[PDB]
């Protein structure tokens, strides 16, 4: 039943992403510490909403607790390592945001590190997808739109700088 991790693909403050040795088209995001239900649910939801139903599923242990997420290995190379981009990439980045916005996702982590560019298909693929969330208690609409807009223009400006 268990997941079978291969080499390390990525790292974050809460998980380590390994290859799935059982399936070359998937990766295993294994959490290093217990996550909230809302956060794990949202991560899966957002990923499936962007990449399609079946792109991410929770991984459970025998106790029925969530230990990670099995998700599609995303195509592309890290935008960090791509000093130069073709002109048609401008449209590609707008396309990415358009798609996220239709799904109602207000993409949070707009840093270059969190996006891959597939030069062969001219597409930008976000890696860790999460959304801003309005709560009468933490985030207001205004706060959210302001931060969302700032991040989007930022990532766009980064893309425009590489053309």
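Residue numbers count along the first chain shown, from 1.
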Next item on the list: Going by the average Cα B-factor in the PDB entry, point out whether 44-52 or 134-142 comes out higher.
Entry: 134-142
Next item on the list: Would you tell me which stretch averages the higher CA B-factor in the PDB entry, 75-83 or 89-97?
Entry: 75-83
Checklist line | Out of 58, 29, 26, 119, highest CA B-factor residue | finding: 58
Next item on the list: Taking the values exactly as deposited, rank residue 21 by C-alpha B-factor within its chain and report the matching third: lowest, middle or highest.
Entry: highest
Note to self: Splitting the chain's C-alpha B-factors into thirds, which one does residue 8 fall into?
What the structure shows: middle
Next item on the list: Would you mind ranking residue 129 by its C-alpha B-factor against the rest of the chain and naming the third, lowest, middle or highest?
Entry: middle
Item checked: Assigned third (lowest, middle, highest) for the C-alpha B factor of residue 113 -> middle
Next item on the list: Determine, from the deposited record, the chain-internal third of the Cα B-factor for residue 163: lowest, middle or highest.
Entry: highest
